[PDB]
Amino acid sequence: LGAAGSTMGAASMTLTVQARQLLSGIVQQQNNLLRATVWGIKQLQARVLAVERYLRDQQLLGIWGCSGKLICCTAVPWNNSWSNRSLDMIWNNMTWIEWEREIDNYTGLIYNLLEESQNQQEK
Amino acid sequence: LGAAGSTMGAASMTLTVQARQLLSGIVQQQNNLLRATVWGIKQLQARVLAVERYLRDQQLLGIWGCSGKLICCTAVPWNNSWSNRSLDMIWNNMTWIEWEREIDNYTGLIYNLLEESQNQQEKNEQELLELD
Amino acid sequence: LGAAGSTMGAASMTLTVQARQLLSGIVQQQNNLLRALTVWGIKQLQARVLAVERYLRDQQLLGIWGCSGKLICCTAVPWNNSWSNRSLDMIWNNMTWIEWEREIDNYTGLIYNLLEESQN
Amino acid sequence: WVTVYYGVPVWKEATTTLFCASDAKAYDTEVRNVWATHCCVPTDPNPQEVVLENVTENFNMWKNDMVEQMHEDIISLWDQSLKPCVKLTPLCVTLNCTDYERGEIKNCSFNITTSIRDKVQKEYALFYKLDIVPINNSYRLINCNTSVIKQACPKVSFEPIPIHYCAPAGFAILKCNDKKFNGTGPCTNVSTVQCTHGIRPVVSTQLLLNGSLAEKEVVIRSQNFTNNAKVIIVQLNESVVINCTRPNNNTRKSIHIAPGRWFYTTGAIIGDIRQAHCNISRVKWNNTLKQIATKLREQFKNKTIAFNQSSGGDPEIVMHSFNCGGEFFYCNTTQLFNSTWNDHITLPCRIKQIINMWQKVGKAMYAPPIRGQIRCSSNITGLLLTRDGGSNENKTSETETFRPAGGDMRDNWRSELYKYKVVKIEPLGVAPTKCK
Amino acid sequence: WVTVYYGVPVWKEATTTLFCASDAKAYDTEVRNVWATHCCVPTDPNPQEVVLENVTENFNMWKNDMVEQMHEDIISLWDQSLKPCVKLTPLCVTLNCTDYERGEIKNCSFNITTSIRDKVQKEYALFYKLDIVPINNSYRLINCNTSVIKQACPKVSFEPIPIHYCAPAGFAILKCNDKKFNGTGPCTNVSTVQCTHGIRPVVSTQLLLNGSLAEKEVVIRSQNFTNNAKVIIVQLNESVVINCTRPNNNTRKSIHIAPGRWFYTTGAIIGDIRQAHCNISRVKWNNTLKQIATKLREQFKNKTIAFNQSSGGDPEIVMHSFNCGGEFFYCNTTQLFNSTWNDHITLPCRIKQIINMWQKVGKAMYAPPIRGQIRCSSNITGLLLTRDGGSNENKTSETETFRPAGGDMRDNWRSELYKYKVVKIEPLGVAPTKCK
Amino acid sequence: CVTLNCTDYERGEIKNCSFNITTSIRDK
Ligand SMILES: *[C@@H]1O[C@H](CO)[C@@H](O[C@@H]2O[C@H](CO)[C@@H](O[C@@H]3O[C@H](CO[C@H]4O[C@H](CO[C@H]5O[C@H](CO)[C@@H](O)[C@H](O)[C@@H]5O)[C@@H](O)[C@H](O[C@H]5O[C@H](CO)[C@@H](O)[C@H](O)[C@@H]5O)[C@@H]4O)[C@@H](O)[C@H](O[C@H]4O[C@H](CO)[C@@H](O)[C@H](O)[C@@H]4O)[C@@H]3O)[C@H](O)[C@H]2NC(C)=O)[C@H](O)[C@H]1NC(C)=O
Ligand SMILES: *[C@@H]1O[C@H](CO)[C@@H](O[C@@H]2O[C@H](CO)[C@@H](O[C@@H]3O[C@H](CO[C@H]4O[C@H](CO[C@H]5O[C@H](CO)[C@@H](O)[C@H](O)[C@@H]5O)[C@@H](O)[C@H](O[C@H]5O[C@H](CO)[C@@H](O)[C@H](O)[C@@H]5O)[C@@H]4O)[C@@H](O)[C@H](O[C@H]4O[C@H](CO)[C@@H](O)[C@H](O)[C@@H]4O)[C@@H]3O)[C@H](O)[C@H]2NC(C)=O)[C@H](O)[C@H]1NC(C)=O
Ligand SMILES: *[C@@H]1O[C@H](CO)[C@@H](O[C@@H]2O[C@H](CO)[C@@H](O[C@@H]3O[C@H](CO)[C@@H](O)[C@H](O)[C@@H]3O)[C@H](O)[C@H]2NC(C)=O)[C@H](O)[C@H]1NC(C)=O
Ligand SMILES: *[C@@H]1O[C@H](CO)[C@@H](O[C@@H]2O[C@H](CO)[C@@H](O)[C@H](O)[C@H]2NC(C)=O)[C@H](O)[C@H]1NC(C)=O
Ligand SMILES: *[C@@H]1O[C@H](CO)[C@@H](O[C@@H]2O[C@H](CO)[C@@H](O)[C@H](O)[C@H]2NC(C)=O)[C@H](O)[C@H]1NC(C)=O
Ligand SMILES: *[C@@H]1O[C@H](CO)[C@@H](O)[C@H](O)[C@H]1NC(C)=O
Ligand SMILES: *[C@@H]1O[C@H](CO)[C@@H](O)[C@H](O)[C@H]1NC(C)=O
Ligand SMILES: *[C@@H]1O[C@H](CO)[C@@H](O)[C@H](O)[C@H]1NC(C)=O
Ligand SMILES: *[C@@H]1O[C@H](CO)[C@@H](O)[C@H](O)[C@H]1NC(C)=O
Ligand SMILES: *[C@@H]1O[C@H](CO)[C@@H](O)[C@H](O)[C@H]1NC(C)=O
Ligand SMILES: *[C@@H]1O[C@H](CO)[C@@H](O)[C@H](O)[C@H]1NC(C)=O
Ligand SMILES: *[C@@H]1O[C@H](CO)[C@@H](O)[C@H](O)[C@H]1NC(C)=O
Ligand SMILES: *[C@@H]1O[C@H](CO)[C@@H](O)[C@H](O)[C@H]1NC(C)=O
Ligand SMILES: *[C@@H]1O[C@H](CO)[C@@H](O)[C@H](O)[C@H]1NC(C)=O
Ligand SMILES: *[C@@H]1O[C@H](CO)[C@@H](O)[C@H](O)[C@H]1NC(C)=O
Ligand SMILES: *[C@@H]1O[C@H](CO)[C@@H](O)[C@H](O)[C@H]1NC(C)=O
Ligand SMILES: *[C@@H]1O[C@H](CO)[C@@H](O)[C@H](O)[C@H]1NC(C)=O
Ligand SMILES: *[C@@H]1O[C@H](CO)[C@@H](O)[C@H](O)[C@H]1NC(C)=O
Ligand SMILES: *[C@@H]1O[C@H](CO)[C@@H](O)[C@H](O)[C@H]1NC(C)=O
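Taken in sequence, the protein lines are chains W, B, H, U, L and C.
Each number in the numbering used here corresponds to the 1-based position in the first sequence with 49 added.
Each number in the numbering used here corresponds to the 1-based position in the second sequence with 223 added.
Each number in the numbering used here corresponds to the 1-based position in the third sequence with 175 added.
Each number in the numbering used here corresponds to the 1-based position in the fourth sequence with 1 added.
Each number in the numbering used here corresponds to the 1-based position in the fifth sequence with 1 added.
Each number in the numbering used here corresponds to the 1-based position in the sixth sequence with 101 added.
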């Protein structure tokens, strides 16, 4: 689960394998069953939130029409107002961390546009 | 959020995009608002209930083969003893609420038939087709 | 959870029903609706959280195998007779299906990832 | 080829919470009975049950975890209920007693904890001899030297109601719905139920009260007849009715001992004083003896069967401990278990108020007195018996002897929960085929 | 065009609930460690570490939330542990104390009224001077006037054990492996781990005990070296070995304070009375200060450095206050830090039994005797120091004077835990491409 | 919750009461 400093191209190549490990379960197999009053309530809160995060990612991808897939090509065009950089430099000079920070303030917008454009697919 | 004073036909013309707002509301946004045994255990219980309800609906769409679908058509015929009305009365005179109430008594029958056929008889047929 | 045919439902007759899969992730909702004191309350809440977690773990595994949308899923993995075998008629006409657990839990326990990683 | 299926009807042993149940009886002022705190919706009328054809399962009742769960549920509920009630340690002071049925009732004078307002006051209360220990007529409460005695809250009922146990999602209860099941092994008419039948959480040492009845005839169900250190749990056919009375007309006093702490005690007895007793009448339990005769061959070969006396010396074990009302009876069962067979009667009863429940040494409960004239009746449904272990003899006895025995409260419930086993469902699995 | 990628290796800063981990020692000696909640998971055998090439991260030890979490966790555990133990309020009665180095240990007699019989029982015990306050030479226990004193429970050990912190699933811990990291800033050679190294939750006020060592040199870290109000954490690259003992051959007495509880005090002392002294090798200590002064000269103006003694009159600040076995030692360190750098050691100690642990005022903890001759040893791995600074005088000093410092007890953890940072993984994002 | 001896200070709207303290610390 390394190559964090690698470029987006390098890190996304074979994203799927890396993703299977990340997505083997949030807790993998229920903390690989290794872990199977206040301490108790704090842990229930932690476990519930882990479940919500899992489901939220799956739900959002499903809304966008990306299910059973890790990489999805959508109906929303890139707006240069979000970022106006050469396609090549973001993919081979920038890392994913740098990229996510670069467009962090457009996250809500892009996601909202994806839900509207992906929902409007006849269905 | 919706209307529901409209007839089934009119209301459903936008189901493609009304849906995926109701769905979104179940998991997204509220959980950002909430990032803060009176108002303790109760909130934890509320979160758990929302998850349980969500999964129930997704599981049924899955068992009936409507995976990722908002509108899905299957092989189970309508039994005319249920709401023995014309198609137009059902779709253009009645609203969704009125409709669900009229056939509330047949929900179990409909769901059992959907499970027996879709993805059940249908998947035994697929195992046979994939034998070659 | 009627389990009709749980024992000797041929094996193949069990598979014409598969109707008990709608209970573990659903009946809990009904139980909570009927209910709608930490001495019992925390333990009961833990039980609810666990039931959800177990459900999801099985769904995640079916997802990795490429079986999440199916109740019956044929994968591209040959059965390995060195673990266990008998004729298919015995397998399909007389269900127990526990003789396979030690070996399969490792064979398919590993293959689910190998299969998908090397699928194409 | 490997095919994976997700609705496979298989299961494994598992443990969990069993929710709770009640009959949703109105609380009827007072308080909700402690058992009525089990605020679970009553099992729907006509509970679901499905018979599973061809199912064989091993219902080893001696390893049944539901017994342990019921045990924990009772201990826990009682402690939570007594926890916030009045402490009686201010009453451990020396008392001056004047001895007023052979001195069973004493009139004892308090010198210290006599007034809430500051005063050198004197005060009196009546006590039963069993709770008073000698230290001229200088006495203290029996458990003060080691324990903290609390008064049960006068408003709280601990009276049993039937309670059903239910399975959480992902679990099922397998019922051994068969005839003459001996407690272990197969019973091949297994049904799955959503919940158990109701069982009243009654605790009564030697004679089990208000249980289910044997079907057809009496069964023995021991764990191992050749193991001398084992209990035999006998379920009786039909039933025996027992009538218990404490024929005394009391009054109540309320003494303010510490701020907000009131001690509820007995004031005076109106009319004559009489010994408590229980009536059993001409019971011929010869069919139990015949079941013993069937198992007699294992139990030292064919021998004369005797039940001549209750022993061990400890009243908690020796006498029948019976909960009639808010008061506890200790009855001498020697008049029932006296006869021997080849192959109205009364039990005098004593009354006790300080109960060392479940031998939780260091703590005890005080039972405040009832208003007066208590009479109750109950059904005898089973017995906890032990057999005298074999002696180091030359194999000369022609008789075997059994005695009322018990004290381990879990054996009171093994007798009802024997039909149930808890398993979890594992719907995911694979099988070989010939496809893609 | 927008393409959605899931499984993307990106993290953001986060604060979360942390998990414990510990060795499965399973001592099972009928003594539980207080660290009984430390076994939520066994220590992972063969833990992994993955170096992230070309990742630069900012670490801030002064704002580290794992340090804050450790504090909350230790306080919570202590309160849970002491909560059910016997209250010592029956002992707040007036004491009559006489002597048993003069006046260090006193023999106090008293009238205790909670004896079960509710009549006065005369009792006596030996106490150390630090726990007794004057109030005609009558005395009372030092904290009775303001708080509830509870006895630590027998069969609970408070021995520090290594504890590893682990990320919750969905989170990761980044570790700083850069050399001479120092603080508040970028770190290269960042690696990802699941669990931290073990940290022993050892509590002290001046000299840090049983910690990790610096790999190459003595390292001095501070949030601000010009702000004279900040604590300087000094990590050593070699441990100085310290021995300490309390030789009095104490024999324990037990007082029946409550029905279910016993109070433990020293009854008598056999043999001669001696001070509970500590022993530090002179050479290693002197060389350690030499190295610290050298590094301070590089950090500060390259001028003369002096180390002075403790300031203030508060025992938890001025003395070492470490926990050895079951005793609390308050050692005089003014013997140390008495030199100027321009280019065996015996420490007397006192024993105190009533501890205002964590500076809480609701309650105080009482430490029972441990039967004499207590010996322990430990490693000095670092110091908590402050620079004195001073008023704005007209260049009246060419020497920077430093003193031992203490309080807060957060630097006890920060000094080792600083290498770790918590982040959350959010593997979802988008990027431009050529698409539909 | 002990006996008070009240002397007052509409008349006795406000009661001036002499109080014996259940001792909080010293048991004297
Ligand atoms: C402990 O105390 C209990 C009381 O709490 C006491 O119980 C009695 O026990 C005796 C002996 O077993 C019973 O006697 C038998 O009665 C059989 C007939 O039962 C029916 O008729 C009863 C009387 O009817 C009158 O009253 C009714 C009132 O409503 C009226 O209509 C009628 O017209 C008539 O006037 C009736 O009470 C009984 O009711 C049942 O249901 C109620 C429901 O609420 C319940 O409360 C009752 O307890 C009872 O279950 C029913 O309708 C009779 O056939 C039988 O005789 C045959 O068998 C004997 C076996 O020995 C043979 O010898 C004989 O030759 C016959 O073949 C016998 O007479 C009596 O009914 C019980 N109940 C009462 C109230 O008295 C226990 O014995 C005490 N135990 C000890 C150890 O002390
Ligand atoms: C506080 O208390 C501690 C004790 O709790 C006390 O510790 C002593 O400290 C001194 C000074 O640091 C140590 O002395 C040094 O020892 C070096 C050799 O150490 C090894 O060999 C020891 C010898 O015994 C072995 O061999 C013999 C002969 O065959 C055999 O009979 C023995 O049974 C044994 O096998 C051995 O004891 C020692 O093991 C201890 O220490 C290790 C490491 O901490 C620990 O893991 C063990 O469990 C055990 O406790 C180890 O194996 C020696 O090289 C060194 O020499 C220096 O000086 C010479 C010049 O004289 C130079 O030429 C040389 O290069 C070095 O610079 C020195 O002699 C002593 O060993 C410690 N004692 C113990 C028991 O640990 C502290 O001093 C006390 N402090 C104060 C202030 O009082
Ligand atoms: C003070 O610091 C010193 C130096 O780090 C500590 O010494 C170390 O103690 C451990 C435990 O006894 C030694 O580990 C053992 O080594 C033997 C081989 O000799 C091996 O067989 C054992 O399984 C185990 O791994 C370690 O080697 C030793 N370090 C050195 C350099 O000698 C000392 O314990 C510390 N004191 C305190 C109180 O923590
Ligand atoms: C076991 O269950 C089966 C039904 O699943 C019962 O019914 C018979 O099953 C056999 C084996 O498949 C068939 O050949 C018969 O034709 C079935 N009977 C009928 C009337 O159709 C079977 O009786 C059950 N066995 C036991 C011991 O309970
Ligand atoms: C003792 O057993 C009797 C007989 O079984 C119980 O009384 C009746 O039980 C039958 C079922 O066998 C019911 O149909 C009747 O309605 C019951 N009658 C009454 C008055 O309850 C009786 O309740 C049991 N317990 C006691 C204390 O008598
Ligand atoms: C006990 O009560 C009797 C009542 O007759 C009285 O005479 C006697 O003095 C009392 N004893 C004490 C110790 O109070
Ligand atoms: C005990 O006897 C005395 C007379 O000696 C009487 O005044 C008192 O009321 C009696 N107490 C009780 C509880 O009956
Ligand atoms: C005290 O009681 C004993 C019997 O336990 C009796 O023998 C003795 O004489 C009594 N003493 C007095 C003074 O009444
Ligand atoms: C199995 O149980 C059902 C339900 O009680 C009963 O009707 C049936 O007769 C039983 N079958 C056998 C073989 O005992
Ligand atoms: C019961 O039998 C034993 C011998 O086994 C004998 O010692 C005892 O006295 C008898 N008790 C009664 C009440 O008959
Ligand atoms: C990336 O790593 C190389 C090789 O160690 C190093 O020379 C370079 O300076 C690093 N760049 C950054 C931004 O860390
Ligand atoms: C305190 O103890 C001494 C003996 O050591 C005794 O002489 C003195 O009277 C006692 N004082 C009080 C107030 O009890
Ligand atoms: C009484 O007070 C004087 C003056 O402080 C002191 O010397 C004397 O020792 C005191 N008495 C006792 C018993 O300590
Ligand atoms: C980075 O950390 C690893 C930890 O195993 C170490 O082996 C490696 O030498 C370190 N590299 C640098 C440049 O510090
Ligand atoms: C600690 O640092 C000093 C100064 O650089 C050095 O002389 C000494 O050898 C180092 N100690 C160890 C154990 O490496
Ligand atoms: C403490 O003084 C008392 C007298 O009040 C004496 O009996 C006791 O033995 C003394 N304690 C010790 C340990 O000498
Ligand atoms: C250490 O002992 C000296 C003795 O002269 C004293 O002045 C100093 O205050 C003591 N320090 C502490 C912290 O007790
Ligand atoms: C500590 O401060 C005092 C102040 O009076 C001074 O006399 C003494 O020399 C100082 N000691 C050191 C080591 O700086
Ligand atoms: C209350 O009464 C006391 C005497 O009991 C008196 O000293 C005090 O001044 C009174 N308080 C007021 C407010 O008058």
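In this text, a Cβ means the ideal position worked out from N, Cα and C, and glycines have one as well.
Cβ pair residue i, residue j closer than 7 Å
| i | j | result |
| --- | --- | --- |
| L:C377 | L:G326 | yes |
| L:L175 | L:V149 | no |
| U:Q276 | U:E102 | yes |
| W:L71 | L:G8 | yes |
Partners in chain H for residue i, counting only beta-carbon separations shorter than 9 Å
| i | result |
| --- | --- |
| W:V100 | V224, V227, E228, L231 |
Proximal residues to residue i (C-beta, below 6 Å), its chain only, five neighbours per side dropped
| i | result |
| --- | --- |
| U:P187 | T57 |
| L:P163 | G199, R201 |
| B:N315 | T230, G232 |
Under 7 Å from the C-beta of residue i: neighbouring residues of chain W
| i | result |
| --- | --- |
| H:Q203 | Going along chain W, no residue has its Cβ under 7 Å from H:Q203, so there is no contact; the nearest lies around 14 Å. |
| residue 324 of chain H | Nothing about residue 324 of chain H can be reported from this structure: the residues present for chain H run from 176 to 295 only. |
Residues sharing a beta bridge with residue i, DSSP
| i | result |
| --- | --- |
| L:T99 | L:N108 |
| L:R388 | L:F403 |
Proximal chain B residues relative to residue i, where beta-carbon distance stays under 8 Å
| i | result |
| --- | --- |
| U:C196 | Neighbours of U:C196 on chain B: none; closest Cβ ~21 Å, over 8 Å. |
| U:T4 | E350 |
Contacting residues, own chain, Cβ-Cβ under 7 Å from residue i (five flanking each side not counted)
| i | result |
| --- | --- |
| U:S416 | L209, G212, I234, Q236, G383 |
Other residues of its chain near residue i: CB distance less than 8 Å, five sequence neighbours each side excluded
| i | result |
| --- | --- |
| U:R372 | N251, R253 |
| L:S392 | none |
| L:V68 | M62, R411, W414, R415, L418, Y419 |
Closer than 9 Å at the beta carbon, the chain U residues around residue i
| i | result |
| --- | --- |
| L:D119 | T90, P91, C93, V94, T95, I113, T114 |
Interface residues of chain U facing residue i [CB-CB closer than 7 Å]
| i | result |
| --- | --- |
| L:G327 | Those do not exist, as L:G327 stays about 25 Å from chain U at its closest Cβ, beyond 7 Å. |
- Message: Ignoring anything shorter than 3 residues, give me the beta strand (DSSP E) runs that lie fully in the stretch 273-350 of chain L, in order along the chain.
- Response: 279-281, 305-308, 323-325, 328-332, 340-342, 346-348
- Message: Going residue by residue through the stretch 122-168 of chain L, where are the continuous alpha helix (DSSP H) segments of at least 4 residues, counting only ones entirely within it?
- Response: none
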